[PDB]
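Structure file query_17.txt; described as compact mmCIF, N, CA and C atoms.
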# COMPACT_ATOMS: atom_id res chain seq x y z
N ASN A 697 52.64 27.81 15.21
CA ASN A 697 51.58 26.81 15.17
C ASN A 697 50.42 27.21 16.07
N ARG A 698 50.71 27.74 17.25
CA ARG A 698 49.65 28.17 18.15
C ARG A 698 48.81 29.29 17.53
N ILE A 699 49.47 30.24 16.86
CA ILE A 699 48.76 31.34 16.22
C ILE A 699 47.95 30.84 15.03
N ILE A 700 48.48 29.86 14.29
CA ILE A 700 47.72 29.28 13.19
C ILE A 700 46.46 28.61 13.71
N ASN A 701 46.58 27.86 14.81
CA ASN A 701 45.40 27.25 15.42
C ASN A 701 44.41 28.31 15.88
N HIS A 702 44.91 29.38 16.49
CA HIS A 702 44.01 30.42 16.99
C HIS A 702 43.31 31.15 15.85
N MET A 703 44.00 31.39 14.73
CA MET A 703 43.36 32.07 13.62
C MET A 703 42.37 31.16 12.91
N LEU A 704 42.65 29.85 12.88
CA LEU A 704 41.63 28.91 12.41
C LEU A 704 40.40 28.94 13.31
N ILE A 705 40.61 29.02 14.62
CA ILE A 705 39.50 29.13 15.56
C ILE A 705 38.70 30.40 15.28
N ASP A 706 39.39 31.52 15.07
CA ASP A 706 38.71 32.78 14.81
C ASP A 706 37.94 32.73 13.49
N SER A 707 38.52 32.10 12.47
CA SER A 707 37.82 31.96 11.19
C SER A 707 36.57 31.11 11.35
N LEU A 708 36.66 30.02 12.11
CA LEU A 708 35.48 29.18 12.35
C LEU A 708 34.43 29.93 13.16
N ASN A 709 34.87 30.78 14.09
CA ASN A 709 33.93 31.63 14.82
C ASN A 709 33.24 32.62 13.88
N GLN A 710 33.99 33.17 12.92
CA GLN A 710 33.37 33.99 11.88
C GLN A 710 32.39 33.18 11.05
N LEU A 711 32.65 31.88 10.90
CA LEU A 711 31.69 30.96 10.30
C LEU A 711 30.69 30.44 11.32
N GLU A 712 30.81 30.85 12.59
CA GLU A 712 29.92 30.42 13.67
C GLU A 712 29.94 28.90 13.83
N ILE A 713 31.14 28.34 13.87
CA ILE A 713 31.35 26.91 14.04
C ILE A 713 32.12 26.69 15.34
N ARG A 714 31.53 25.90 16.24
CA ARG A 714 32.18 25.59 17.50
C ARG A 714 33.36 24.64 17.28
N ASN A 715 34.36 24.75 18.16
CA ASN A 715 35.57 23.95 18.00
C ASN A 715 36.28 23.83 19.34
N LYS A 716 37.19 22.86 19.41
CA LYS A 716 38.02 22.63 20.58
C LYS A 716 39.39 22.14 20.12
N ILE A 717 40.42 22.51 20.86
CA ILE A 717 41.80 22.22 20.49
C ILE A 717 42.23 20.90 21.11
N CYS A 718 42.82 20.03 20.29
CA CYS A 718 43.45 18.80 20.78
C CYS A 718 44.91 19.13 21.12
N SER A 719 45.10 19.67 22.32
CA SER A 719 46.42 20.10 22.76
C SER A 719 47.32 18.89 23.00
N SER A 720 48.56 19.17 23.41
CA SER A 720 49.51 18.10 23.70
C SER A 720 49.01 17.22 24.84
N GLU A 721 48.46 17.84 25.89
CA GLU A 721 47.89 17.06 26.99
C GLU A 721 46.69 16.24 26.52
N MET A 722 45.86 16.82 25.65
CA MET A 722 44.70 16.09 25.13
C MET A 722 45.13 14.87 24.33
N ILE A 723 46.17 15.01 23.51
CA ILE A 723 46.66 13.88 22.73
C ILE A 723 47.31 12.84 23.64
N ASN A 724 48.07 13.29 24.64
CA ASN A 724 48.73 12.36 25.55
C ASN A 724 47.73 11.60 26.40
N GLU A 725 46.55 12.18 26.65
CA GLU A 725 45.54 11.50 27.45
C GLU A 725 44.87 10.35 26.71
N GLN A 726 45.09 10.23 25.40
CA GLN A 726 44.58 9.12 24.59
C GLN A 726 43.06 9.06 24.55
N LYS A 727 42.38 10.15 24.93
CA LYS A 727 40.93 10.18 24.83
C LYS A 727 40.46 10.30 23.39
N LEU A 728 41.30 10.83 22.50
CA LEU A 728 40.98 10.93 21.09
C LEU A 728 41.08 9.56 20.42
N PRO A 729 40.42 9.38 19.28
CA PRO A 729 40.56 8.12 18.54
C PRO A 729 42.02 7.87 18.16
N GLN A 730 42.43 6.60 18.25
CA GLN A 730 43.84 6.26 18.08
C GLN A 730 44.30 6.41 16.64
N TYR A 731 43.42 6.15 15.66
CA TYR A 731 43.83 6.26 14.27
C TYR A 731 44.19 7.69 13.89
N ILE A 732 43.57 8.67 14.55
CA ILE A 732 43.95 10.06 14.32
C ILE A 732 45.32 10.34 14.91
N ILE A 733 45.60 9.80 16.10
CA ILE A 733 46.92 9.96 16.71
C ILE A 733 47.99 9.27 15.88
N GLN A 734 47.61 8.23 15.13
CA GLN A 734 48.56 7.54 14.27
C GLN A 734 49.10 8.49 13.21
N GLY A 735 50.41 8.42 12.99
CA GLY A 735 51.09 9.33 12.10
C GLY A 735 51.55 10.62 12.74
N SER A 736 51.17 10.87 13.99
CA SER A 736 51.61 12.06 14.72
C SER A 736 52.75 11.66 15.65
N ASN A 737 53.95 11.60 15.07
CA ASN A 737 55.15 11.20 15.81
C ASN A 737 55.79 12.41 16.51
N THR A 738 55.03 12.98 17.45
CA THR A 738 55.45 14.14 18.22
C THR A 738 55.89 15.28 17.31
N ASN A 739 55.11 15.53 16.26
CA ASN A 739 55.41 16.55 15.27
C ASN A 739 54.52 17.76 15.49
N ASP A 740 55.13 18.94 15.57
CA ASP A 740 54.38 20.18 15.71
C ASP A 740 53.66 20.59 14.43
N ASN A 741 53.95 19.92 13.31
CA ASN A 741 53.32 20.24 12.04
C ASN A 741 51.95 19.59 11.87
N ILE A 742 51.51 18.80 12.85
CA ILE A 742 50.21 18.13 12.80
C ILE A 742 49.32 18.74 13.87
N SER A 743 48.17 19.26 13.46
CA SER A 743 47.23 19.90 14.37
C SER A 743 45.87 19.24 14.22
N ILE A 744 45.26 18.87 15.35
CA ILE A 744 43.96 18.20 15.37
C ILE A 744 42.99 19.10 16.12
N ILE A 745 41.82 19.32 15.52
CA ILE A 745 40.77 20.15 16.11
C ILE A 745 39.46 19.38 16.09
N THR A 746 38.77 19.34 17.22
CA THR A 746 37.46 18.70 17.30
C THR A 746 36.38 19.73 16.97
N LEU A 747 35.51 19.37 16.04
CA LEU A 747 34.43 20.23 15.58
C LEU A 747 33.09 19.57 15.87
N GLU A 748 32.08 20.39 16.12
CA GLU A 748 30.73 19.89 16.32
C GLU A 748 30.06 19.65 14.97
N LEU A 749 29.39 18.50 14.84
CA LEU A 749 28.72 18.17 13.59
C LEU A 749 27.62 19.18 13.27
N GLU A 750 26.84 19.58 14.27
CA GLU A 750 25.81 20.58 14.05
C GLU A 750 26.42 21.93 13.68
N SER A 751 27.50 22.32 14.36
CA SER A 751 28.12 23.61 14.08
C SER A 751 28.77 23.64 12.70
N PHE A 752 29.45 22.56 12.33
CA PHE A 752 30.10 22.52 11.02
C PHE A 752 29.10 22.52 9.88
N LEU A 753 27.89 22.00 10.12
CA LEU A 753 26.84 21.96 9.12
C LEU A 753 25.92 23.17 9.20
N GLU A 754 26.24 24.15 10.05
CA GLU A 754 25.46 25.38 10.19
C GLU A 754 24.01 25.09 10.58
N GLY A 755 23.82 24.12 11.47
CA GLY A 755 22.52 23.82 12.01
C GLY A 755 21.73 22.73 11.32
N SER A 756 22.36 21.96 10.43
CA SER A 756 21.67 20.87 9.74
C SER A 756 21.46 19.73 10.74
N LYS A 757 20.25 19.64 11.27
CA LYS A 757 19.92 18.63 12.28
C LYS A 757 19.49 17.30 11.67
N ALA A 758 19.27 17.24 10.36
CA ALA A 758 18.88 15.99 9.72
C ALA A 758 20.04 15.01 9.58
N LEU A 759 21.28 15.50 9.69
CA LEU A 759 22.46 14.66 9.56
C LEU A 759 23.04 14.26 10.91
N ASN A 760 22.38 14.60 12.02
CA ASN A 760 22.90 14.25 13.33
C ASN A 760 22.76 12.77 13.62
N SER A 761 21.72 12.13 13.08
CA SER A 761 21.47 10.71 13.34
C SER A 761 22.36 9.79 12.51
N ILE A 762 23.05 10.31 11.50
CA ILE A 762 23.90 9.50 10.63
C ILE A 762 25.35 9.54 11.08
N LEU A 763 25.90 10.73 11.29
CA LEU A 763 27.28 10.90 11.71
C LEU A 763 27.33 11.30 13.18
N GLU A 764 28.48 11.03 13.80
CA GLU A 764 28.68 11.42 15.19
C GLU A 764 28.69 12.94 15.32
N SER A 765 28.28 13.42 16.50
CA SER A 765 28.23 14.85 16.76
C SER A 765 29.61 15.49 16.77
N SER A 766 30.68 14.70 16.86
CA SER A 766 32.04 15.22 16.88
C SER A 766 32.80 14.72 15.66
N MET A 767 33.46 15.64 14.97
CA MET A 767 34.35 15.32 13.86
C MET A 767 35.74 15.88 14.18
N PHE A 768 36.74 15.43 13.43
CA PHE A 768 38.13 15.78 13.71
C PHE A 768 38.79 16.29 12.45
N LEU A 769 39.33 17.51 12.51
CA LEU A 769 40.08 18.08 11.41
C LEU A 769 41.56 18.00 11.74
N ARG A 770 42.31 17.23 10.95
CA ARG A 770 43.74 17.05 11.13
C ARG A 770 44.47 17.68 9.96
N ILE A 771 45.36 18.62 10.25
CA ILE A 771 46.11 19.35 9.24
C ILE A 771 47.59 19.07 9.45
N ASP A 772 48.26 18.61 8.39
CA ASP A 772 49.69 18.34 8.40
C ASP A 772 50.37 19.36 7.50
N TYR A 773 51.21 20.21 8.10
CA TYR A 773 51.94 21.20 7.32
C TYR A 773 53.08 20.56 6.54
N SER A 774 53.75 19.57 7.14
CA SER A 774 54.80 18.85 6.42
C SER A 774 54.23 18.12 5.21
N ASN A 775 53.08 17.47 5.37
CA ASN A 775 52.38 16.85 4.26
C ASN A 775 51.43 17.81 3.55
N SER A 776 51.12 18.96 4.17
CA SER A 776 50.18 19.93 3.62
C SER A 776 48.85 19.26 3.28
N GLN A 777 48.39 18.39 4.17
CA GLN A 777 47.19 17.60 3.95
C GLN A 777 46.14 17.94 5.00
N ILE A 778 44.88 17.97 4.58
CA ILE A 778 43.75 18.21 5.46
C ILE A 778 42.85 16.98 5.42
N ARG A 779 42.61 16.39 6.59
CA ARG A 779 41.78 15.20 6.71
C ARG A 779 40.63 15.49 7.67
N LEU A 780 39.41 15.24 7.21
CA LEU A 780 38.21 15.37 8.02
C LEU A 780 37.74 13.96 8.38
N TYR A 781 37.90 13.59 9.64
CA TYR A 781 37.50 12.28 10.15
C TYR A 781 36.14 12.40 10.81
N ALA A 782 35.23 11.50 10.46
CA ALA A 782 33.92 11.41 11.09
C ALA A 782 33.66 9.95 11.46
N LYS A 783 32.75 9.76 12.40
CA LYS A 783 32.41 8.44 12.91
C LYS A 783 30.92 8.19 12.71
N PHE A 784 30.59 7.05 12.11
CA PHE A 784 29.19 6.69 11.91
C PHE A 784 28.56 6.29 13.23
N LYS A 785 27.40 6.87 13.54
CA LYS A 785 26.70 6.52 14.77
C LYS A 785 26.12 5.11 14.70
N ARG A 786 25.71 4.67 13.52
CA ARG A 786 25.17 3.33 13.32
C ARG A 786 25.90 2.67 12.16
N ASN A 787 25.96 1.34 12.20
CA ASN A 787 26.66 0.57 11.17
C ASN A 787 25.73 0.41 9.98
N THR A 788 25.98 1.19 8.93
CA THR A 788 25.20 1.11 7.70
C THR A 788 25.86 0.13 6.74
N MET A 789 25.03 -0.66 6.05
CA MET A 789 25.55 -1.63 5.09
C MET A 789 26.14 -0.96 3.86
N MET A 790 25.88 0.34 3.67
CA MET A 790 26.44 1.06 2.52
C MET A 790 27.95 1.20 2.61
N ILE A 791 28.54 0.98 3.79
CA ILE A 791 29.99 0.98 3.91
C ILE A 791 30.59 -0.17 3.11
N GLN A 792 29.90 -1.31 3.07
CA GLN A 792 30.38 -2.46 2.32
C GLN A 792 30.50 -2.14 0.83
N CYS A 793 29.68 -1.23 0.32
CA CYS A 793 29.76 -0.84 -1.08
C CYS A 793 31.03 -0.03 -1.32
N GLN A 794 31.49 -0.05 -2.57
CA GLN A 794 32.70 0.66 -2.96
C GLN A 794 32.41 2.16 -3.03
N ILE A 795 33.07 2.93 -2.18
CA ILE A 795 32.87 4.38 -2.14
C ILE A 795 34.23 5.01 -2.46
N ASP A 796 35.04 4.28 -3.24
CA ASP A 796 36.35 4.80 -3.62
C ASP A 796 36.24 5.98 -4.58
N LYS A 797 35.18 6.02 -5.39
CA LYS A 797 35.00 7.09 -6.36
C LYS A 797 34.62 8.42 -5.71
N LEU A 798 34.27 8.43 -4.43
CA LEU A 798 33.89 9.64 -3.72
C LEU A 798 35.02 10.20 -2.87
N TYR A 799 36.23 9.66 -3.01
CA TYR A 799 37.41 10.13 -2.27
C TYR A 799 37.17 10.06 -0.76
N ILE A 800 36.53 8.99 -0.31
CA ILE A 800 36.28 8.74 1.11
C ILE A 800 37.04 7.49 1.50
N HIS A 801 37.92 7.60 2.49
CA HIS A 801 38.74 6.49 2.95
C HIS A 801 38.28 6.08 4.34
N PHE A 802 37.88 4.82 4.49
CA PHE A 802 37.38 4.33 5.77
C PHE A 802 38.53 3.80 6.61
N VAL A 803 38.48 4.11 7.91
CA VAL A 803 39.55 3.71 8.82
C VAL A 803 39.52 2.20 9.00
N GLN A 804 40.68 1.57 8.81
CA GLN A 804 40.77 0.12 8.99
C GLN A 804 40.51 -0.29 10.43
N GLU A 805 41.06 0.47 11.39
CA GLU A 805 40.85 0.15 12.80
C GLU A 805 39.39 0.31 13.19
N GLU A 806 38.75 1.38 12.74
CA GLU A 806 37.35 1.65 13.07
C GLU A 806 36.52 1.67 11.79
N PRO A 807 35.79 0.59 11.49
CA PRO A 807 34.96 0.59 10.27
C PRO A 807 33.90 1.68 10.27
N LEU A 808 33.38 2.06 11.44
CA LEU A 808 32.41 3.15 11.52
C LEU A 808 33.05 4.51 11.29
N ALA A 809 34.37 4.60 11.29
CA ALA A 809 35.08 5.86 11.10
C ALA A 809 35.59 5.97 9.67
N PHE A 810 35.29 7.09 9.02
CA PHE A 810 35.78 7.39 7.69
C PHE A 810 36.44 8.77 7.72
N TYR A 811 37.09 9.12 6.61
CA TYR A 811 37.67 10.45 6.51
C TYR A 811 37.76 10.87 5.05
N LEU A 812 37.82 12.19 4.87
CA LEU A 812 38.02 12.83 3.58
C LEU A 812 39.37 13.52 3.58
N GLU A 813 40.19 13.22 2.57
CA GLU A 813 41.55 13.73 2.48
C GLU A 813 41.67 14.68 1.30
N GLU A 814 42.33 15.82 1.53
CA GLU A 814 42.55 16.81 0.48
C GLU A 814 43.92 17.44 0.67
N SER A 815 44.43 18.02 -0.41
CA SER A 815 45.71 18.72 -0.42
C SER A 815 45.45 20.21 -0.58
N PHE A 816 46.07 21.01 0.29
CA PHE A 816 45.90 22.45 0.28
C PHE A 816 47.24 23.15 0.09
N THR A 817 47.19 24.31 -0.55
CA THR A 817 48.37 25.15 -0.77
C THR A 817 48.34 26.44 0.03
N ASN A 818 47.18 27.07 0.16
CA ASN A 818 47.03 28.31 0.90
C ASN A 818 46.06 28.08 2.06
N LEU A 819 46.46 28.51 3.26
CA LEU A 819 45.60 28.33 4.42
C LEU A 819 44.42 29.29 4.43
N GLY A 820 44.58 30.48 3.83
CA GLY A 820 43.52 31.47 3.83
C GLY A 820 42.25 31.01 3.16
N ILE A 821 42.34 30.06 2.23
CA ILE A 821 41.18 29.54 1.52
C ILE A 821 40.69 28.23 2.13
N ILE A 822 41.25 27.84 3.29
CA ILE A 822 40.91 26.55 3.90
C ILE A 822 39.41 26.44 4.15
N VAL A 823 38.74 27.57 4.39
CA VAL A 823 37.30 27.55 4.61
C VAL A 823 36.59 26.88 3.44
N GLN A 824 36.95 27.28 2.21
CA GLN A 824 36.40 26.64 1.03
C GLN A 824 36.63 25.14 1.07
N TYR A 825 37.85 24.73 1.40
CA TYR A 825 38.15 23.31 1.55
C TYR A 825 37.16 22.65 2.50
N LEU A 826 36.94 23.28 3.66
CA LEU A 826 35.96 22.75 4.61
C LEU A 826 34.61 22.58 3.94
N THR A 827 34.14 23.61 3.23
CA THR A 827 32.88 23.49 2.51
C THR A 827 32.93 22.33 1.54
N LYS A 828 34.03 22.20 0.80
CA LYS A 828 34.20 21.04 -0.07
C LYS A 828 34.01 19.76 0.72
N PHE A 829 34.73 19.63 1.84
CA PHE A 829 34.52 18.49 2.73
C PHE A 829 33.05 18.38 3.09
N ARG A 830 32.48 19.49 3.57
CA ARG A 830 31.07 19.50 3.92
C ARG A 830 30.23 19.06 2.74
N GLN A 831 30.54 19.58 1.54
CA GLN A 831 29.80 19.17 0.35
C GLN A 831 29.85 17.66 0.20
N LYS A 832 31.05 17.09 0.24
CA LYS A 832 31.18 15.64 0.13
C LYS A 832 30.38 14.95 1.23

Write-out of the structure in structure tokens:
Amino acid sequence: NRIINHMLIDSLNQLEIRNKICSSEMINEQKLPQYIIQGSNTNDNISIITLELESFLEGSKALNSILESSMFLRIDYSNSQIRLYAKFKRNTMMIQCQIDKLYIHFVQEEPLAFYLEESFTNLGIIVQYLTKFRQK
């Protein structure tokens, strides 16, 4: 798991995307959003990485005022699921509209927090998945 996290870090560096590891101490400190910690029952198959909004968008500064500068990529190997969690900087009324057709699930605990969920089979192509997330 540590090597998988490190190779994801190296791949993001090849994409020139800044990142930080949500280690065991980081998760235990409860500084991360609680809904992300939810479902992580001390399982080594769940990895959370904090990404910069500017870095993940390759310098798109027009989207900094809409989404928070920090996003969270949670990967579950047991579920083989990739979730990109983002937090709205301001409460937009467009959340009240139905966005179910865009495969965006809003966090019940945090209405300003939403996420994109996808299923992956090969980790080597995860970059494309990220772009897909980015596309959405």

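Counting only C-alpha atoms, the residue from A:741, A:792, A:831, A:775 that sits nearest to residue A:807 is A:792.
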
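One distance worth recording is that between atom C of residue A:813 and atom N of residue A:797, which is 12.7 Å.
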
Would you list the residues near (32.9, 7.0, 8.7), meaning any protein, DNA or RNA residue with an atom at most 5 Å from that point in file coordinates, counting only N, CA and C atoms, as a VMD selection string? chain A and resid 782 to 784 808 to 810

Interatomic distance (Å, one decimal) between atom N of residue A:699 and atom C of residue A:773: 14.6 Å

Counting only C-alpha atoms, which of A:754, A:800, A:791, A:715 gets nearest to residue A:767? A:715

DSSP on the backbone: what in chain A comes out alpha helix (DSSP H), as JSON, numbers by chain? {"A": [698, 699, 700, 701, 702, 703, 704, 705, 706, 707, 708, 709, 710, 720, 721, 722, 723, 724, 730, 731, 732, 733, 749, 750, 751, 752, 822, 823, 824, 825, 826, 827, 828, 829, 830, 831]}

Take the residues from that selection and write them out as a JSON list (two decimals), in the coordinates of the input, keeping N, CA and C atoms.
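Once written, again-v5.json looks like this:
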[["chain", "number", "residue", "atom", "x", "y", "z"],
["A", 698, "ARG", "N", 50.71, 27.74, 17.25],
["A", 698, "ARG", "CA", 49.65, 28.17, 18.15],
["A", 698, "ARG", "C", 48.81, 29.29, 17.53],
["A", 699, "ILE", "N", 49.47, 30.24, 16.86],
["A", 699, "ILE", "CA", 48.76, 31.34, 16.22],
["A", 699, "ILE", "C", 47.95, 30.84, 15.03],
["A", 700, "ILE", "N", 48.48, 29.86, 14.29],
["A", 700, "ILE", "CA", 47.72, 29.28, 13.19],
["A", 700, "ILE", "C", 46.46, 28.61, 13.71],
["A", 701, "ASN", "N", 46.58, 27.86, 14.81],
["A", 701, "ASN", "CA", 45.40, 27.25, 15.42],
["A", 701, "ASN", "C", 44.41, 28.31, 15.88],
["A", 702, "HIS", "N", 44.91, 29.38, 16.49],
["A", 702, "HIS", "CA", 44.01, 30.42, 16.99],
["A", 702, "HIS", "C", 43.31, 31.15, 15.85],
["A", 703, "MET", "N", 44.00, 31.39, 14.73],
["A", 703, "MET", "CA", 43.36, 32.07, 13.62],
["A", 703, "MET", "C", 42.37, 31.16, 12.91],
["A", 704, "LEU", "N", 42.65, 29.85, 12.88],
["A", 704, "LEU", "CA", 41.63, 28.91, 12.41],
["A", 704, "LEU", "C", 40.40, 28.94, 13.31],
["A", 705, "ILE", "N", 40.61, 29.02, 14.62],
["A", 705, "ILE", "CA", 39.50, 29.13, 15.56],
["A", 705, "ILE", "C", 38.70, 30.40, 15.28],
["A", 706, "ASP", "N", 39.39, 31.52, 15.07],
["A", 706, "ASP", "CA", 38.71, 32.78, 14.81],
["A", 706, "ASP", "C", 37.94, 32.73, 13.49],
["A", 707, "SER", "N", 38.52, 32.10, 12.47],
["A", 707, "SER", "CA", 37.82, 31.96, 11.19],
["A", 707, "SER", "C", 36.57, 31.11, 11.35],
["A", 708, "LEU", "N", 36.66, 30.02, 12.11],
["A", 708, "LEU", "CA", 35.48, 29.18, 12.35],
["A", 708, "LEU", "C", 34.43, 29.93, 13.16],
["A", 709, "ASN", "N", 34.87, 30.78, 14.09],
["A", 709, "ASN", "CA", 33.93, 31.63, 14.82],
["A", 709, "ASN", "C", 33.24, 32.62, 13.88],
["A", 710, "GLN", "N", 33.99, 33.17, 12.92],
["A", 710, "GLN", "CA", 33.37, 33.99, 11.88],
["A", 710, "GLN", "C", 32.39, 33.18, 11.05],
["A", 720, "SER", "N", 48.56, 19.17, 23.41],
["A", 720, "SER", "CA", 49.51, 18.10, 23.70],
["A", 720, "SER", "C", 49.01, 17.22, 24.84],
["A", 721, "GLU", "N", 48.46, 17.84, 25.89],
["A", 721, "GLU", "CA", 47.89, 17.06, 26.99],
["A", 721, "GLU", "C", 46.69, 16.24, 26.52],
["A", 722, "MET", "N", 45.86, 16.82, 25.65],
["A", 722, "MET", "CA", 44.70, 16.09, 25.13],
["A", 722, "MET", "C", 45.13, 14.87, 24.33],
["A", 723, "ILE", "N", 46.17, 15.01, 23.51],
["A", 723, "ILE", "CA", 46.66, 13.88, 22.73],
["A", 723, "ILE", "C", 47.31, 12.84, 23.64],
["A", 724, "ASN", "N", 48.07, 13.29, 24.64],
["A", 724, "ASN", "CA", 48.73, 12.36, 25.55],
["A", 724, "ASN", "C", 47.73, 11.60, 26.40],
["A", 730, "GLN", "N", 42.43, 6.60, 18.25],
["A", 730, "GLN", "CA", 43.84, 6.26, 18.08],
["A", 730, "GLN", "C", 44.30, 6.41, 16.64],
["A", 731, "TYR", "N", 43.42, 6.15, 15.66],
["A", 731, "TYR", "CA", 43.83, 6.26, 14.27],
["A", 731, "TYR", "C", 44.19, 7.69, 13.89],
["A", 732, "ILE", "N", 43.57, 8.67, 14.55],
["A", 732, "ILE", "CA", 43.95, 10.06, 14.32],
["A", 732, "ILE", "C", 45.32, 10.34, 14.91],
["A", 733, "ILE", "N", 45.60, 9.80, 16.10],
["A", 733, "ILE", "CA", 46.92, 9.96, 16.71],
["A", 733, "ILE", "C", 47.99, 9.27, 15.88],
["A", 749, "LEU", "N", 29.39, 18.50, 14.84],
["A", 749, "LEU", "CA", 28.72, 18.17, 13.59],
["A", 749, "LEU", "C", 27.62, 19.18, 13.27],
["A", 750, "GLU", "N", 26.84, 19.58, 14.27],
["A", 750, "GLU", "CA", 25.81, 20.58, 14.05],
["A", 750, "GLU", "C", 26.42, 21.93, 13.68],
["A", 751, "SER", "N", 27.50, 22.32, 14.36],
["A", 751, "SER", "CA", 28.12, 23.61, 14.08],
["A", 751, "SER", "C", 28.77, 23.64, 12.70],
["A", 752, "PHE", "N", 29.45, 22.56, 12.33],
["A", 752, "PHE", "CA", 30.10, 22.52, 11.02],
["A", 752, "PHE", "C", 29.10, 22.52, 9.88],
["A", 822, "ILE", "N", 41.25, 27.84, 3.29],
["A", 822, "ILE", "CA", 40.91, 26.55, 3.90],
["A", 822, "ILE", "C", 39.41, 26.44, 4.15],
["A", 823, "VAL", "N", 38.74, 27.57, 4.39],
["A", 823, "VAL", "CA", 37.30, 27.55, 4.61],
["A", 823, "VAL", "C", 36.59, 26.88, 3.44],
["A", 824, "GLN", "N", 36.95, 27.28, 2.21],
["A", 824, "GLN", "CA", 36.40, 26.64, 1.03],
["A", 824, "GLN", "C", 36.63, 25.14, 1.07],
["A", 825, "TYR", "N", 37.85, 24.73, 1.40],
["A", 825, "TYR", "CA", 38.15, 23.31, 1.55],
["A", 825, "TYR", "C", 37.16, 22.65, 2.50],
["A", 826, "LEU", "N", 36.94, 23.28, 3.66],
["A", 826, "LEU", "CA", 35.96, 22.75, 4.61],
["A", 826, "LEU", "C", 34.61, 22.58, 3.94],
["A", 827, "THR", "N", 34.14, 23.61, 3.23],
["A", 827, "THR", "CA", 32.88, 23.49, 2.51],
["A", 827, "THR", "C", 32.93, 22.33, 1.54],
["A", 828, "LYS", "N", 34.03, 22.20, 0.80],
["A", 828, "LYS", "CA", 34.20, 21.04, -0.07],
["A", 828, "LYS", "C", 34.01, 19.76, 0.72],
["A", 829, "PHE", "N", 34.73, 19.63, 1.84],
["A", 829, "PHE", "CA", 34.52, 18.49, 2.73],
["A", 829, "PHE", "C", 33.05, 18.38, 3.09],
["A", 830, "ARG", "N", 32.48, 19.49, 3.57],
["A", 830, "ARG", "CA", 31.07, 19.50, 3.92],
["A", 830, "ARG", "C", 30.23, 19.06, 2.74],
["A", 831, "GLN", "N", 30.54, 19.58, 1.54],
["A", 831, "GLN", "CA", 29.80, 19.17, 0.35],
["A", 831, "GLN", "C", 29.85, 17.66, 0.20]]

Would you mind writing down, as an NGL selection string, each residue of chain A that DSSP on the backbone assigns to strand (DSSP E)? :A and (715-717 or 742-748 or 766-772 or 777-783 or 800-802 or 809-815)

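Residues within 6 Å of residue A:814, counting only N, CA and C atoms and excluding same-chain residues fewer than 6 positions away, are residues 776, 777, 778 and 779 of chain A.
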
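Considering only C-alpha atoms, the residue among A:751, A:794, A:766, A:743 positioned nearest to residue A:702 is A:743.
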
Quick one: residues within 12 Å of residue A:723, only C-alpha atoms, excluding same-chain residues fewer than 3 positions away - as a PyMOL selection string? chain A and resi 717-720+726-734+736-739+742-746

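For the pair atom CA of residue A:770 and atom N of residue A:755, the separation is 21.1 Å.
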
Using only C-alpha atoms, which of the listed residues (A:700, A:793, A:788, A:708) sits closest to residue A:819? A:700

Close residues, residue A:765 itself excluded, 6.5 Å, only N, CA and C atoms, min 6 positions apart in chain, as a PyMOL selection string: chain A and resi 747-750

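With all atoms listed in the file taken into account, every residue lying no more than 6 Å from the file point (34.5, 10.0, 2.0) is included here: residues 798, 799, 800, 801, 811 and 812 of chain A.
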
With distances taken over only C-alpha atoms, the candidate from A:735, A:764, A:769, A:724 nearest residue A:823 is A:769
